[PDB]
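Shown below, as structure tokens, is a lone chain in the form deposited in one PDB entry; questions about how it binds or moves come after it.
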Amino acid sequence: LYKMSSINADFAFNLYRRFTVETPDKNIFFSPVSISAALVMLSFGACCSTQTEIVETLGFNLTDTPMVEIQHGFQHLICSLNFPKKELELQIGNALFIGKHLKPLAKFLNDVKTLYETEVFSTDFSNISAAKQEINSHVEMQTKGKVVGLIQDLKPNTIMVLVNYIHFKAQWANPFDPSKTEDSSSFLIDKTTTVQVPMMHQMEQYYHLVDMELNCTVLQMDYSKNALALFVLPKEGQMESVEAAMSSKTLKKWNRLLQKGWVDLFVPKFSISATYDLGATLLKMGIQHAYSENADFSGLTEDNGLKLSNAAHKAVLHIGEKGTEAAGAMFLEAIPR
């Protein structure tokens, strides 16, 4: 799990940096665990270079962490994340919508159900519009209402859909007093423009740092159990330089350096959402055979008759005085090979 931490964090930051190129100077919000977990699920049914491409794209080196250890590690991750903890709502799981005529391997279905928190639904993709609605409503349910309309379009020849969802709701260890929230305060969106946002205010002891190298302020706010938020505030004009630096290395440096002390803290109350069409991005990052006429998903179905066609993610965030609610879902679509 520790090795998986650094690798999964560095995937997160490499994907982040892809998004800063695709949607420059725009809000970014995603669950890297949801994307990583979906793709590792898909890789359980893959063989040879189709399988190795997926895990190498996720940042693993198969000499250091063999394929079966990757598999084991992600199964342990999903279990741990879902283990109940008082005062934290955290669910992460998967659903496999499989065409009524496909011939899935007992092994794959037993793997995903027993070891990867997967529900399996035989789906009639001859009714594509009904299947899209069914899948979206399932994800909406599993996210406590928060991820609506995950799938905007499904290809008419779809024969399998894999979804991962994540939902998180936690209270701050030190909640804000709403009587100190300023109804309308300025937030700078670009050099000459502000928007109005409710600004929460608390003077409290927080772990915090000024990174003297990266020219940014880092502020840690704990949730009441098993979770924390990090807020990274670059100096004026320094966001791109901070974005280029972010890595597992940086996180380990901050983990050592942050010190708890009094801070007069102002934080916005706000909600945002974001959507990503990930098909081409994942191809660029190295997942190639999965999309090809020669995809090897021999571990998934008897006839190996499917290939990946599309991939998308949606994630939502709310921060207010009591805490944070966030959710995400990832969709992978497959068609006949």
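Position 1 is the first residue in the sequence shown; the rest follow in order. Think of the rigid core as the biggest set of C-alphas that the two forms share within 1.5 Å after superposition.
One more form of this protein exists, namely the form deposited in another entry; it is left out here, but the text below deals with it.
Visitor: For the list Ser184, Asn157, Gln238, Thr194, which one shows a CA move of 2 Å or more between the shown form and the other one after the core is fit?
Guide: With the rigid core superposed, the residue that stands out is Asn157.
Visitor: Is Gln259 among the residues whose Cα moves by 2 Å or more between the shown form and the other one after superposition of the rigid core?
Guide: After core superposition, the displacement of the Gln259 C-alpha between the shown form and the other one stays below 2 Å, so no.
Visitor: Taking 2 Å as the cut-off, check whether the CA of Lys225 shifts that much or more between the shown form and the other one after a rigid core fit.
Guide: No, the C-alpha moves less than 2 Å.
Visitor: Does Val120 shift between the shown form and the other one by 2 angstroms or more at the C-alpha, the core having been superposed?
Guide: Indeed, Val120 is displaced by 2 Å or more.
Visitor: Relative to what's shown here, the Cα pair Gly73 and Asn304 differs by 3 Å or more in the other entry. Does it come closer or drift farther?
Guide: It is farther: in the other entry, the C-alpha atoms of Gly73 and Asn304 lie at least 3 Å more apart than they do here.
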